[PDB]
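Working notes, structure below.
Each ligand, and each atom within it, is numbered from 1 in the order the structure gives. Atoms considered below: every heavy atom in the structure, side chains included; atoms not considered: hydrogens, waters and symmetry mates. Throughout, numbering of the chain's residues begins at 1 and tracks the sequence.
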Amino acid sequence: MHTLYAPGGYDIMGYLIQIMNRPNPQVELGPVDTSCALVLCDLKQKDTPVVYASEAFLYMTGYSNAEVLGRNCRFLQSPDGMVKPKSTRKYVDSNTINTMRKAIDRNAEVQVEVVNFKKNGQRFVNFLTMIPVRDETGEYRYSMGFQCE
Ligand SMILES: Cc1cc2nc3c(=O)[nH]c(=O)nc-3n(C[C@H](O)[C@H](O)[C@H](O)COP(=O)(O)OP(=O)(O)OC[C@H]3O[C@@H](n4cnc5c(N)ncnc54)[C@H](O)[C@@H]3O)c2cc1C
């Protein structure tokens, strides 16, 4: 993967505002800000890579910015951080992974409980919520994920 990052950074605050102001919320998230664990992935780059990770996310997972950026978030599904696309996870519920996959493809909001592992191999249940995000063109370009241990 050779993901490219937006020169000048991402409008994370603007996107959080967009999310809290969305008209027909399918999932209630309650107020959110930059203090919580979150990531923004680019739907328009190969394998929906993380292009921004909040400090709280890195702290929760134990991974560094260098270890997460440019990667699809699925690495959290294995204690060795090695998860190949389309592979059958041995520690994660297949229907759960398919639910996330379909929600992302359809730009549909979703909330799931998925088993994840921190960098040091510590297992935990991640209550994950993903909401599609529109960029300046007004069309869905990113997805913001909010992780909860
Ligand atoms: C912003 C954002 C944040 C995210 N944060 C996290 C996070 O914190 N933790 C995390 O674990 N993931 C996270 N994800 C999810 C991850 O990045 C992938 O989107 C997710 O694993 C599903 O996509 P995939 O490409 O891995 O699917 P695939 O690799 O295709 O795997 C889907 C699995 O489902 C099974 N399956 C497929 N179709 C069917 C079917 N019809 N019936 C039965 N089984 C089926 C397969 O056997 C396969 O193993 C995040 C995604 C985004 C966009």
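- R89 meets the salt bridge (charged side-chain N to carboxylate O under 4.0 Å, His left out) test with no other residue; sequence neighbours excluded.
- Close approach of ligand 1 to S94 (heavy-atom distance below 4.0 Å) involves ligand atoms 34 (O), 35 (C).
- With values rounded to the nearest 0.5 angstrom, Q147 atom CD is found 7.5 Å from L38 atom CG.
- Here NZ of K86 is found 5.5 Å from CZ of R74. Values are rounded to the nearest 0.5 Å.
- The protein heavy-atom contact nearest to atom 5 (N) of ligand 1 is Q147 NE2, 3.3 Å.
- The backbone N or O of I17 sits less than 3.5 Å from a side-chain atom of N21, completing a donor-acceptor pair.
- Note that atom 43 (C) of ligand 1 has no protein non-hydrogen atoms nearby, at separations under 4.0 angstrom.
- Within a 4.0 Å radius of atom 35 (C) of ligand 1, the protein has at least one heavy atom.
- For ligand 1, the atoms closer than 4.0 angstrom to any heavy atom of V39 are 1 (C), 3 (C).
- Counting heavy atoms under 4.0 Å from ligand 1, residue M130 touches it through the side chain alone.
- Annotation for ligand 1: atoms under 4.0 Å from non-hydrogen atoms of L76 are 7 (C), 8 (O), 9 (N).
- At least one N or O atom of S87 sits closer than 3.5 Å to an N or O atom of ligand 1.
- Within 6.0 Å of atom CD in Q122, more than 12 heavy atoms from other residues, nucleotides or ligands are found, so the atom counts as buried in its surroundings.
- If you check which protein heavy atom lies closest to atom 29 (O) of ligand 1, you get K86 N, 2.7 Å.
- Note: an N/O pair closer than 3.5 Å links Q77 and ligand 1 by distance alone.
- We find the CD1-SG distance between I104 and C41 to be 7.5 Å, quoted to the nearest 0.5 Å.
- The proximity of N126 to ligand 1, defined as any non-hydrogen pair under 4.0 Å, is limited to the side chain.
- If you look at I97 next to ligand 1, the close heavy atoms, those under 4.0 Å, come from the backbone and the side chain alike.
- Formation of a donor-acceptor pair under 3.5 Å by the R101 side chain with backbone atoms of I97 is not found in this model.
- Short contacts between ligand 1 and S143, defined as distances under 4.0 Å to a heavy atom of the residue, involve ligand atoms 1 (C), 53 (C).
- Contacts between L128 and ligand 1 below 4.0 angstrom, taking non-hydrogen atoms only, involve the side chain exclusively.
- With a 4.0 Å cut-off on non-hydrogen atoms, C73 touches ligand 1 through its backbone as well as its side chain.
- Contacts between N98 and ligand 1, counted as non-hydrogen atom pairs separated by less than 4.0 Å, involve both the backbone and the side chain.
- Checking side-chain atoms of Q26 against main-chain N and O of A108 turns up no donor-acceptor pair under 3.5 Å.
- The shortest non-hydrogen separation linking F117 to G121 is CD2-O, 3.7 Å.
- Ring orientation note: the planes of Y142 and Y10 are nearly perpendicular, at an angle over 60° on the 30°/60° scale.
- By the 3.5 Å distance cut-off applied to N or O atoms, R89 is counted among the residues near ligand 1.
- Heavy-atom minimum distance, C36 versus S54: O-OG, 2.8 Å.
- For ligand 1 and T88, the ligand atoms under 4.0 Å from any heavy atom of the residue are 49 (O).
- Looking only at heavy atoms of the protein, atom 25 (O) of ligand 1 is closest to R74 NH2, 2.7 Å.
- We find the CG-OH distance between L76 and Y63 to be 6.5 Å, quoted to the nearest 0.5 Å.
- In this structure, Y5 contributes its side chain and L69 its backbone to a donor-acceptor pair below 3.5 Å.
- The heavy atom nearest to atom 19 (O) of ligand 1, considering only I104, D47, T99, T129, is found in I104.
- Taking OG1 from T61 and CD from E149, the interatomic distance works out to 10.0 Å, rounded to the nearest 0.5 Å.
- The contact set between ligand 1 and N116, taken as ligand atoms under 4.0 Å from a residue heavy atom, comprises 7 (C), 8 (O), 9 (N), 10 (C), 11 (O).
- For ligand 1, the atoms sitting less than 4.0 Å from at least one non-hydrogen atom of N72 are 16 (C), 17 (O), 18 (C), numbered in the order shown with element in parentheses.
- Here the side chain of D47 pairs no donor or acceptor atom with the backbone of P49 at under 3.5 angstrom.
- Residue contacts with ligand 1, taken as heavy atom pairs separated by less than 4.0 Å, involve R101 via backbone and side-chain atoms alike.
- Considering backbone and side-chain atoms alike, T48 places every N or O at 3.5 Å or more from each N or O of ligand 1.
- Contact atoms of ligand 1 toward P85: 29 (O) (distance under 4.0 Å to a heavy atom of the residue).
- In this structure, atom 15 (C) of ligand 1 lies nearest to the protein heavy atom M100 SD, 3.9 Å.
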